[PDB]
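> Sequence first, structure after, both from an experimental entry:
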Amino acid sequence: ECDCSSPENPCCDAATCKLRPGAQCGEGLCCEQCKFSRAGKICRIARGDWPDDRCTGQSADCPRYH
């Protein structure tokens, strides 16, 4: 299980396909520049006036209110 899909991705070690030391993530709706997105950053639009999903600060995945 690689953490990045492309060897062009600077978040991973070219030699391992896994995160470089200190990188929190390589991919995901709540990853930016190899770091978890800040808590509260919008990461998925909900239909209508339902609350949009937001990042946790602690994961690269966008959690669900639905």
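Perfect, thanks for sending it. Numbers count the residues shown, from 1 in each chain.

> quick one: contacts for the closest residue to residue 29 other than its chain neighbours?
Excluding its sequence neighbours, the residue lying closest to residue 29 (CB to CB, 6 or more residues apart in numbering) is residue 62, at 3.9 Å. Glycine gets a C-beta too; all of them are placed from N, C-alpha and C. The contact partners of residue 62, taken as CB atoms under 8 Å, 6 or more residues apart in numbering, are 28, 29, 30, 43, 44, 53, 54, 55.

> what's the farthest-apart pair in those residues?
For those, the farthest-apart pair by CB to CB is 28 and 54; their separation is 13.8 Å.

> circling back: just curious, which of the contacts of residue 62 is nearest to residue 10?
Using CB to CB, the shortest approach to residue 10 within the contacts of residue 62 belongs to residue 28, at 15.4 Å.

> Measure how buried that closest one is and give me the count.
Other residues near residue 28 come to 17 when the count uses other CB atoms under 10 Å.

> What of the one 3 residues further on?
By the other CB under 10 Å criterion, the neighbourhood of residue 31 contains 21 residues.

> So it versus residue 50, what's the distance?
For residue 31, the distance to residue 50 equals 24 Å [CB to CB, to the nearest Å].

> Could you do residue 39 as well?
When distance is defined by CB to CB, residue 39 is 20 Å away from residue 50.

> Ok, residue 58 next?
In this structure, residue 58 lies at 23 Å from residue 50, with CB to CB as the measure.

> likewise residue 24?
28 Å.

> Next: residue 63.
With CB to CB as the criterion, residue 63 and residue 50 are 14 Å apart.

> Same drill for these two, tell me which one is more crowded.
When residue 63 is set against residue 50 and neighbours are counted by other CB under 10 Å, the residue ahead is residue 63, at 13 against 10.
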